[PDB]
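Working notes, structure below.
2 protein chains.
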Amino acid sequence: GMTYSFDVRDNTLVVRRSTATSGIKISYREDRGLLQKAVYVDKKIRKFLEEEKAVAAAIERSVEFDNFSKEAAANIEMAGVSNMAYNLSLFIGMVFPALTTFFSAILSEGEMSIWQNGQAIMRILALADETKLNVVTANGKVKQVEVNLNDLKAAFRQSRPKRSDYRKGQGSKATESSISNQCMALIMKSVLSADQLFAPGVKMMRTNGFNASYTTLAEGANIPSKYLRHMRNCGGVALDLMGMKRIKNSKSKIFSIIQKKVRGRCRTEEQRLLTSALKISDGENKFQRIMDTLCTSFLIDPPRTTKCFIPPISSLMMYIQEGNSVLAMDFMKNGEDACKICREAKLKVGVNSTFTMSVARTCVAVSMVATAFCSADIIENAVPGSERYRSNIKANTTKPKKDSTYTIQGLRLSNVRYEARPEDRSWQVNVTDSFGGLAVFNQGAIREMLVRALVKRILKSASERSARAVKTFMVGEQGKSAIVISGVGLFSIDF
Amino acid sequence: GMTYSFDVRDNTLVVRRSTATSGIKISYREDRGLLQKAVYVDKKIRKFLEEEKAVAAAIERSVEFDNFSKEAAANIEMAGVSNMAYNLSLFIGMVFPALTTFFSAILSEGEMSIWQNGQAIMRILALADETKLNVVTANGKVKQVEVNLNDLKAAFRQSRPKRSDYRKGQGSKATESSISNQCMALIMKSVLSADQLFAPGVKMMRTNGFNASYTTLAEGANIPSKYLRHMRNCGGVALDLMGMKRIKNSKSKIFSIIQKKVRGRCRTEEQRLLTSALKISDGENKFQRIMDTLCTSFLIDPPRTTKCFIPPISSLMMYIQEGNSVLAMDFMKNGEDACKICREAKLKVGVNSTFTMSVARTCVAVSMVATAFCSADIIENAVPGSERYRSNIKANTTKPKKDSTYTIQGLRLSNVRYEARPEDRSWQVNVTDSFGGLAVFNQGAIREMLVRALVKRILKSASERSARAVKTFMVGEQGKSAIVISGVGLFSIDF
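If you read the protein sequences in the order shown, they are chains A and A'. A prime marks a further copy of an entry chain.
Those letters in the first sequence? Residues 5 to 25, 27 to 38, 41 to 45, 61 to 75, 86 to 112, 133 to 182, 201 to 320, 325 to 497, 504 to 530, 542 to 586, by PDB author numbering.
Those letters in the second sequence? Residues 5 to 25, 27 to 38, 41 to 45, 61 to 75, 86 to 112, 133 to 182, 201 to 320, 325 to 497, 504 to 530, 542 to 586, by PDB author numbering.
As structure tokens, then:
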């Protein structure tokens with residue numbers, strides 16, 4: 005050793021040692038003992071930097097990441133009218149009042165109408181179902215209240231629908247716990263999707279050796295495994311694939331189990347064959363070639379995805395507290411009932427310089443469609459006025475930090491909208513900028529105007556499909572309106 | 005003959021004759038004498071339908097088209133700090149006050165602050181420079215005032231800057247008339263670009279045998295030829311190409331003149347060669363192949379385009395009437411000074427069920443960037459709240475119809491923005513819809529993840556370029572903000 009410092013080799017922060025003599030040699034000591044002489063800050067260094075001696089933000093995101101990754105790493109190992137709608141409405145109609153009642157001991161009325169607090173209630177609920203403190207937004211100010219998780223758990227287990235209350239198909243093995251878990255998976259998918267706005271999972275994909283572009287395949291990666299086990303398709307295909315790659319290196327039987335699950339999630343035949351084409355007895359290359367091809371295909375043709383469309387938690391609690399009934403509602407088919415609750419209740423939110431109103435509106439939008447990876451155009455039409463670029467967002471999290479301060483104002487959600495479930505003859509194939517100097521154009525259209544067999548087909552099919560602009564309808568109570576899904580999303584500007 | 009009716013064969017309305025006998030034979034009589044027994063309604067049929075006996089809309093658009101096409105057909109035949137900035141500001145600073153004064157005889161003060169009326173003033177001015203009635207918006211209601219065009223012409227010719235007033239390069243042949251015409255071309259490009267929102271020119275391209283997709287190459291086609299002659303590049307390359315095709319069929327010398335102009339408008343070498351490759355001595359095919367290739371290339375790499383960035387006409391008149399000076403302003407380099415005037419003046423507009431506020435905002439946006447073919451993202455950021463889809467627009471024209479009624483309210487233009495003149505490392509290459517069922521994706525990226544030589548190169552270059560998302564900055568006084576040009580524009584939903 006001779007000289008010590010802190011640096012960022014890749015996207016992590018490491019200890020850099022320079023020794024001079027036969028000139029200068031550079032070492033990155035992974036000892037992390041040393042730390043005195045000196061995005062991801064890591065545990066030992068964050069404990070030493072917090073104990074003794086931008087720095088606070090990249091560490092809040094870092095420990096957050098640690099939690100996300102632990103939850104994801106639970107889920108990757110575990111890889112080895134409609135009933136569901138009626139059950140989910142029954143579940144909500146029975147559980148939410150019990151949540152209203154429990155938290156009336158702890159929170160005021162106005163407090164439960166604050167967006168952050170609904171989120172907080174579900175997170176603590178999920179925690180109990182698996201005495202802690204709980205960070206609550208007050209009069210712009212953050213208070214820490216105490217929640218007894220046994221009371222919360224017991225209240226939940228008794229309040230929730232019974233096995234006989236649910237509609238189950240004939241000879242169903244489904245139990246009370248089982249269905250509860252399905253509902254919690256559907257609801258946790260919505261609540262947690264706002265976090266993936268702030269930390270999509272890029273780091274995790276990179277750390278597992280997947281191209282960052284495959285992050286869009288990691289929706290809901292942090293849904294608590296007890297719930298996802300029952301509702302695998304709430305989870306996003308990247309979980310299974312990473313499980314398959316990890317077990318490819320390292325037993326044989328598991329690989330077949332995950333493979334079968336992935337095959338079932340495929341919605342085109344091309345992906346099904348491609349999936350089966352992966353074999354535990356292949357070289358590193360050409361298994362990676364197949365895996366990569368498969369991943370890429372999944373960007374073209376998404377895996378089978380399950381989810382629900384519910385209004386904000388607080389809104390939902392208010393709407394039920396006001397006397398309204400959700401038993402006859404359908405949150406599976408589309409977002410209509412979710413929008414009806416949205417327009418009706420008078421949700422409130424805490425906002426500030428970093429977590430602005432347009433940020434909050436984006437967080438709502440994202441939970442309504444239960445995915446951070448949704449088209450930005452859709453997001454914008456779903457909750458008007460929301461922010462369409464992640465880059466313009468200055469906050470680093472949805473969660474109040476206890477030193478946090480807000481101004482509590484109204485989160486009006488009339489003019490909210492949902493996408494019609496589907497069941504473009506335009507001539508305009510390019511635009512210019514303001515100067516008429518630069519053009520953006522539809523590649524597929526421009527091209528028309530002018542194992543290996545698999546790849547060729549997929550590539551042709553892709554181009555054949557990208558040539559036509561994709562349109563979709565946003566539905567209000569006043570009617571229905573076409574928009575174009577451009578392909579731009581959140582995260583489209585880095586970073 | 006046996007039976008007669010009206011029908012729409014292609015996109016025009018024709019007279020359909022059925023004769024039955027040896028069964029039934031169908032004829033489309035082009036006589037148009041006959042009309043009693045019975061989108062483009064045509065003259066003789068519109069005169070007969072108006073004189074004797086949805087119908088009114090498709091005919092307002094039809095006669096409008098006739099005017100557009102006549103003006104375009106003048107321009108296609110005629111195909112055979134900075135000075136310009138300072139001259140344009142001088143021109144405006146001297147001409148606009150004279151317009152304020154002239155129209156004070158005819159209009160009230162409040163009337164001149166109405167958007168429609170500024171448009172009307174320039175159109176009549178252009179007319180005079182080439201006693202009529204003039205349709206004016208009043209108190210929501212439309213009045214017809216009388217304008218004496220000789221007075222208007224004389225006032226203009228005397229008020230406008232003199233040859234010595236302008237900055238001209240050494241040994242310039244430029245005259246007073248000459249420069250006036252350059253300025254009128256720049257200003258008419260802005261004022262008239264709102265019409266191309268309503269009638270882009272699809273019909274004209276189709277009628278000349280060009281693919282409708284090439285409509286984006288027809289910006290400013292209806293700019294009065296006396297002005298465009300001096301400022302060809304305000305006009306859009308389709309004018310020259312159509313001239314070249316028309317003369318290809320039909325003298326030799328003209329073809330070379332237009333060819334030279336087109337060659338000069340090219341900004342890539344590929345287009346220059348391609349342009350020169352067109353020869354009057356080629357077969358129908360393979361001249362069309364080259365022409366088409368050239369047209370397509372122009373969608374990828376726009377021709378040289380000139381234009382100015384000015385605020386709405388009325389705004390401009392008000393700002394000058396209020397005492398402010400534009401002599402030191404630059405409307406060529408970008409839209410900064412235009413936005414400064416926008417924020418300052420208190421423009422008003424007449425609006426109604428069809429011509430709504432969001433429609434009016436779109437009409438303003440389009441004139442600010444002086445093109446109907448600009449990116450929708452840009453339009454939306456340029457004048458917030460404007461309508462991003464032509465399809466959602468119910469009006470058929472910017473012009474009050476004399477039977478028209480409005481509610482006159484304020485057209486606030488703070489928060490307006492301009493695109494920084496340029497001098504994306506994102507991992508997100510696809511989005512999903514709300515259901516996670518359908519994906520939209522970047523073709524170029526997906527492909528990377530997985542005479543004839545010319546064509547091949549162009550096609551490769553296209554794909555190479557479309558792979559990376561294009562970003563640009565919108566500038567406010569509070570700062571600068573990145574957006575992505577998605578490729579979606581106005582007209583992206585048909586029809």
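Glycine included, every Cβ here is placed at the ideal spot set by N, Cα and C.
What's the gap between the Cα of residue i and the Cα of residue j?
| i | j | result |
| --- | --- | --- |
| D375/A' | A560/A | 21 Å |
| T445/A | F372/A | 16 Å |
| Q240/A | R556/A' | 56 Å |
| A86/A' | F70/A' | 16 Å |
| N359/A | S260/A | 37 Å |
| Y492/A' | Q171/A' | 21 Å |
| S388/A | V425/A' | 39 Å |
| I249/A' | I467/A' | 37 Å |
| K551/A | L530/A | 15 Å |
| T207/A | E96/A | 20 Å |
| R346/A | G516/A' | 18 Å |
| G580/A | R299/A' | 44 Å |
| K243/A | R233/A | 10 Å |
| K223/A' | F429/A | 58 Å |
| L203/A | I415/A | 30 Å |
| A106/A' | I328/A' | 15 Å |
Provide the residue(s) that pair with residue i in DSSP beta bridges, ordered along the chain.
| i | result |
| --- | --- |
| residue 3/A' | With chain A' covering only 5 through 586, there is no way to say anything about residue 3/A'. |
| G580/A' | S449/A' |
| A573/A | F564/A |
| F521/A' | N510/A' |
| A24/A' | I29/A' |
| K211/A | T479/A |
| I166/A' | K422/A' |
| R34/A | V19/A |
| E493/A | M565/A |
| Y62/A' | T16/A' |
Which residues mark the beginning and the end of the alpha helix (DSSP H) in which residue i is found?
| i | result |
| --- | --- |
| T153/A' | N135 to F155 |
| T16/A' | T16/A' -> no alpha helix (DSSP H), and no H or E assigned at all. |
| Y297/A | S295 to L298 |
| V457/A | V457/A -> no alpha helix (DSSP H), and no H or E assigned at all. |
| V440/A | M431 to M442 |
| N470/A | Looking at the DSSP string, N470/A is not in any alpha helix (DSSP H), and its letter there is neither H nor E. |
| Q252/A | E246 to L262 |
| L311/A | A308 to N319 |
Pick from the options: whose alpha carbon is nearest that of residue i?
| i | options | result |
| --- | --- | --- |
| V457/A | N470/A, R486/A and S250/A | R486/A |
| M392/A' | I108/A', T370/A' and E161/A' | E161/A' |
| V212/A | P474/A, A544/A, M6/A and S432/A | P474/A |
| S460/A' | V433/A', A469/A' and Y480/A' | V433/A' |
| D356/A | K334/A, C369/A and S326/A | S326/A |
| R435/A | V205/A, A111/A and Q168/A | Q168/A |
| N218/A' | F154/A', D36/A', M258/A' and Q252/A' | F154/A' |
| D98/A' | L140/A', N281/A' and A291/A' | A291/A' |
| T25/A' | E343/A', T7/A' and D14/A' | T7/A' |
| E216/A' | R230/A', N209/A', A180/A' and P231/A' | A180/A' |
| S583/A | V63/A', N522/A', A89/A' and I482/A' | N522/A' |
| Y33/A | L42/A, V18/A and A412/A | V18/A |
Could you tell me the boundaries of the beta strand (DSSP E) in which residue i lies?
| i | result |
| --- | --- |
| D11/A' | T7 to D11 |
| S94/A | Segment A89 to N107 is the alpha helix (DSSP H) holding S94/A; no beta strand (DSSP E) there. |
| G424/A' | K422 to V425 |
Legend entry - Given 8 Å, three or more beta-carbon pairs between the region 445–452 of chain A and the region 413–425 of chain A: no
Legend entry - Cβ pair count under 8 Å reaching 3, the region 282–298 of chain A' against the region 326–339 of chain A': Judged by pairs of C-beta atoms under 8 Å, the region 282–298 of chain A' does not touch the region 326–339 of chain A', as fewer than three such pairs exist.
Inset, instruction - Please confirm if the region 403–417 of chain A' is in contact with the region 351–364 of chain A', defined as three or more CB-CB distances below 8 Å between the two stretches. - result: no
Legend entry - contact_flag[the region 303–310 of chain A', the region 279–289 of chain A'] where n(CB pairs < 8 Å) is 3 or more: Three or more pairs of CB atoms, one per stretch, sit closer than 8 Å, so the region 303–310 of chain A' contacts the region 279–289 of chain A'.
Inset, instruction - Take every Cβ of the region 509–523 of chain A', pair it with every Cβ of the region 562–576 of chain A, and state whether three or more of those distances are shorter than 8 Å. - result: yes
Inset, instruction - Flag this pair as touching only if the region 375–384 of chain A' and the region 360–367 of chain A' have three or more C-beta atom pairs under 8 Å; answer yes or no. - result: no
Inset, instruction - Check whether the region 264–279 of chain A touches the region 173–181 of chain A, counting contact only when three or more Cβ pairs, one atom from each stretch, lie closer than 8 Å. - result: no
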